[PDB]
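Take a look at this one chain, the form deposited in one PDB entry, written out in C-alpha cells.
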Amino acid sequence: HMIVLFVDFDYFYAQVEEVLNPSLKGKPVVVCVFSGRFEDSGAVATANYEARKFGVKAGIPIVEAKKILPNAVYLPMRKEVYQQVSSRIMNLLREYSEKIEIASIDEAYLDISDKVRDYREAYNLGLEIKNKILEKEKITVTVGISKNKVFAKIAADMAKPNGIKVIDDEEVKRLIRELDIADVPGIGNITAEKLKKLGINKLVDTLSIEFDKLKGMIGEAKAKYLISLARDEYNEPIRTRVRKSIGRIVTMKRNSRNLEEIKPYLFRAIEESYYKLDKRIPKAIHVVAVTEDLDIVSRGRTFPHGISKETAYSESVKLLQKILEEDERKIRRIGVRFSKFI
C-alpha cells in the first residue's frame, strides 16, 4: 500500500531567528507579538527549547514570560521573513516527490510510494532530506513516516525535536489501542472533554459506541474521521491546498464603541489585506470584532461580483455598524477577512 512522509521544522520562528543572528544560539529565545497596548502586551508565538523548558511557550503573555525568564532574548515576529524561508525549503522538498501537500508554514506531507519500496528505504529518504535542509538552509526538522497522514504526523510528535521515526503496521495497531485520544490531530480540548463523557479514552473505544450517538455528540465529520481511523482505514490523499481567505485583525490602543475612533484601525486592516492579496479578487467580505470580554462577533456579505478596494472601505463600515448595533459590549480587536476569490 501507501507511505507518507511528514516534515515539521523545529520551533520554526525562533530557529529562523537563530540562523539570521547565530550569536543567539544557546540562549533563551522568544518570538513575540507585541499588541502595543502597553510595553510588553501581547502573547508569545514561539520560543526555542533552550527557553521552552521553563514553560515559556506559544500562548502565554509576554509579561508572564519576563517574570519566568527576565533575561531571555525577545524579538518581534517577522512574518514575511519566516514566510520566504519556508517557501525555499518547500521547493527543496519537491525534489523528492511532486505529490506534496503543504499543511501550514512549517510542515509538509510527501507521498513517497513511487520513490520508495519499504520502511527501511523510506527511513533513508528521510535522513537524506533532513541533511538536504540542514545543509542548504541550516534548519533542523523532525520527520515522521507511516501509512496515512494522521499517523505520519503522530510519528513526528514523538520524534521531536530533530528526530525521524517510522510507524509500521504493527505500531499502528498498538497505537489505535494505546495512544491517548487527545493526542490525535484535530482533537483539541472541547472535543477530548466531550469524549471523556462518552467514556472514550482511546481511539479504539469508538468501535464500541452507537455511531448515531457519536454523531450527535461531536459531529459526523469527526465521527467518520475517528471511526475509520480506528478501524485502521483512514486514507485521505495528499492534495495541494490553496489559500481560501486572507485577513488581518488588529488591536486598538484601547477599547471603544465610537465608530469614529474605530474607522482608522479598520482601514489599516483592510489596507494590509488588499496588499497581501495581490492578483486575487474576493467576492466575499467579513468584518470581525473581538469584544472587551474576549468573545468574537462577525458580520459578512457576498457579492455576485468581486470587491474593489473602494467597495471594501464602504461595506466594512456598514457591517461594523451592524455589529455595534446588535451588540452592547465594547470592541477591543477589529479586523477584516476576504474570501471566495474569483
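Definition used throughout: the rigid core is the maximal C-alpha set that superposes within 1.5 Å between two forms. Just count from 1 along the sequence shown to find any residue number.
If you look for the form deposited in another entry, you will not find it shown, but the lines that follow are about it.
- With the rigid core aligned between this form and the one not shown, the listed residues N148, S97, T191, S86 include just one Cα displaced by at least 2 Å, namely that of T191.
- With the core held fixed, the Cα of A122 is displaced between this form and the one not shown by less than 2 Å.
- In the core-superposed comparison between this form and the one not shown, the C-alpha atom of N131 has shifted by less than 2 angstroms.
- Annotation: Cα of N201 displaced by at least 2 Å between this form and the one not shown, core superposition.
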